[PDB]
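Next up: just one chain, as structure tokens, the form solved without its partner chain.
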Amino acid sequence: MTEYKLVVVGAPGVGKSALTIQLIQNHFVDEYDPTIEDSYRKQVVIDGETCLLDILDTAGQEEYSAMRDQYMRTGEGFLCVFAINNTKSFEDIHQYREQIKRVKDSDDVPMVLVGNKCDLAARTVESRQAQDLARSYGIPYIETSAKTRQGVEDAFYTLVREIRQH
């Protein structure tokens, strides 16, 4: 069956894991638990096609650097996550995307920009800001909340659809 190798990347603490666990295990992880590296494989049906989602959940931190090249080389699509209440994480998105482009030698790699934690009332990143950045990248922008489950399937299924028509 078609397998889609999805990679979730973004700054420490933005909700990479919480989004992934919501998708795979249907619950909000409300606890501090930093990732080193985790993978999740799940059989799903998306728009009638039977497929397997092979998801790598990554660490946002330092050492990784070249350990990042490795998973960026084999990933087919990337969810680029920032948190709407954390401006530095939104600014960090550019470094992740430049790094993906260099390793893939490509200026169009399937990618979705995700503004997570939209359930929080204190936003520091306006939707408009994120929206212009995504359009400058030519990629979709989706806001999500791993807490309410808002936009979670939408964010991952839109990425599969981006891979499908690459």
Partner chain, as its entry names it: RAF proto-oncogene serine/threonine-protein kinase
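Positions refer to the first chain, counted from 1.
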Of 11-19 and 150-158, the one with larger mean CA B-factor | 150-158
Which of 57-65 and 27-35 has higher mean CA B factor, as the PDB entry lists it | 57-65
Which of these has the highest Cα B-factor in the record: 100, 121, 112, 44?
-> 121
Entry-reported C-alpha B-factor of residue 72 relative to its chain, by third, is highest
Chain-wide C-alpha B factor ranking for residue 137, given as lowest, middle or highest third | highest
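The same protein also exists as the form solved in complex with its partner chain; that form is not shown, yet it is the one meant from here on.
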Could you tell me if residue 109 has a non-hydrogen atom within 4.5 Å of its partner chain in the deposited complex?
-> no
Which residues within 36-64 place at least one heavy atom within 4.5 Å of its partner chain in the deposited complex?
-> 36, 37, 38, 39, 40, 41, 56
